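In: An experimental structure, sequence included, is below.
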Amino acid sequence: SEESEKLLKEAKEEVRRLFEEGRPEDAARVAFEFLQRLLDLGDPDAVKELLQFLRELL
């Protein structure tokens, strides 16, 4: 819902800010943590959107 929507934007802006500073492995741990959250929230569209957001960044 709104909570999935807020977490999704936060996931995008944090994994991007970690990637742009270095840490290719810290940025991926935070994405994997955020993917599982949104999964358990029951929002597969939010995990699908985050995954597409990440692939384009790399």
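Out: Looks like it came in fine. Numbers count the residues shown, from 1 in each chain.

In: Tell me the helix or strand right after the top helix by length along the chain.
Out: Across the chain, the helix with the greatest residue count (assigned by DSSP state H) is helix 2-21. The helix or strand immediately downstream of helix 2-21 is helix 26-40, counting by DSSP states H and E.

In: Run through who's touching the following helix or strand past that next one.
Out: Next helix or strand after helix 26-40 toward the C-terminus (DSSP H and E): helix 44-57. Applying CB atoms under 8 Å, 6 or more residues apart in numbering, the contact partners of helix 44-57 are 4-5, 7-8, 11-12, 15-16, 19, 31, 34-35, 38-39. (Each C-beta comes from the backbone N, C-alpha and C, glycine too.)

In: Just give me the residue right at the centre of this structure.
Out: Central residue of the chain (CA atoms, centre = their mean): residue 11, 3.7 Å from the mean position.

In: Wait, it touches residue 27, no?
Out: No: between residue 11 and residue 27 there is no contact under CB atoms under 8 Å: 10.9 Å.

In: Spit out the residues that contact those two alike.
Out: The contact sets of residue 11 and residue 27 do not overlap (CB under 8 Å, 6+ apart).
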